[PDB]
Structures are given as structure tokens and as C-alpha cells.
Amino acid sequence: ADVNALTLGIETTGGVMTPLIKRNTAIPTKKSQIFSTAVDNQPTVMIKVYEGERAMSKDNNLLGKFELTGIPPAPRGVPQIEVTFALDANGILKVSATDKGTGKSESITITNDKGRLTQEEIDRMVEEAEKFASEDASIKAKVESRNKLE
């Protein structure tokens, strides 16, 4: 039963973990979601690929980092950037970010689960995530609330 040991996602504004492939998904698999920019006229988007079960990206493990540059000037939230995670049977994760308005794209290939975790080890990280779930949920709520001033 070949699956990804740990959840795979990207950092979204707030330092928040956004999962693309949940842990224990049958591989090969391909998942995609659409993201936009955070501020007006944002010329590039940062793609930080994280692995782990915690709510905030900083508590997970950074596997990859790259940018999609050359986003044309537009209001925050207008550009449509599709991020795809494609995970093969051989444990190669390809992460692509594509500007849907231009077809412009960047990608990386990385190897997930370099520790090749046992079920015991996964189980342990899951337990620790549960131990911090309440605290994690509270920080996430606070970050994502829209009652903020620039």
C-alpha cells in the first residue's frame, strides 16, 4: 500500500500550512489548487513546499522553495496561479506553479519522506500534532482573521 508518509503542502499568507496532498494518500497522485497574490501589483509569488502535520508552516519541514516571477501588475487576488503537486510511485514530488493568465510556469522536483518513516514514526508525529492542535488552531484563527489594519 504505497502512500505519502507525511502531508505535503505550501505556505499561504500568514505563515499558514495549506495542504495539497494529505498524508496516507495512494501514490501516484496529482492534486492542484488555485492561489492568487496577496498585495496589489505583486510581481512574484513565493512557493514554499512543506512536509508535516502542523498548522503553521514554520512547524513543518521545508522541502523546496522557488518563485514564479513575471506576474503582470494586477489587484491583489486577481491573478490565478495553479499550484500542482504530482507524486510518483518512486517518491519524486514535482511541484509546479503556473500563471493561468499567461501559461508562464516554474517547477521543482524533490524527494519527500527522506527519512522513509516507519508507521511508528508517522504515528508519533501525528500524536505530537494532536498535542499541539488546540494551540495551532488558535494561532491560525488569529492570523487569518480579517480584522487587520495595514
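Sequential numbering from 1, following the sequence displayed.
Asks: For the C-alpha atoms alone, is the average B factor greater in 48-56 or in 94-102, going by the entry?
Replies: It is 94-102 that shows the higher mean C-alpha B-factor.
Asks: Tell me which stretch has the larger mean Cα B-factor in this entry, 120-128 or 65-73.
Replies: Higher mean C-alpha B-factor: 120-128.
Asks: Check the PDB entry and point out which of 89, 83, 108, 86 has the largest C-alpha temperature factor.
Replies: Of the options given, 89 has the highest CA B-factor in the PDB entry.
Asks: Could you tell me which third, lowest, middle or highest, the C-alpha B-factor of residue 20 occupies within its chain?
Replies: Within its chain, residue 20 is a middle-third residue by C-alpha B-factor, going by the deposited values.
Asks: By the record's CA B-factor, is residue 7 among the lowest, middle or highest third of residues in the chain?
Replies: Its C-alpha B-factor, which the entry lists for residue 7, ranks in the lowest third among residues of this chain.
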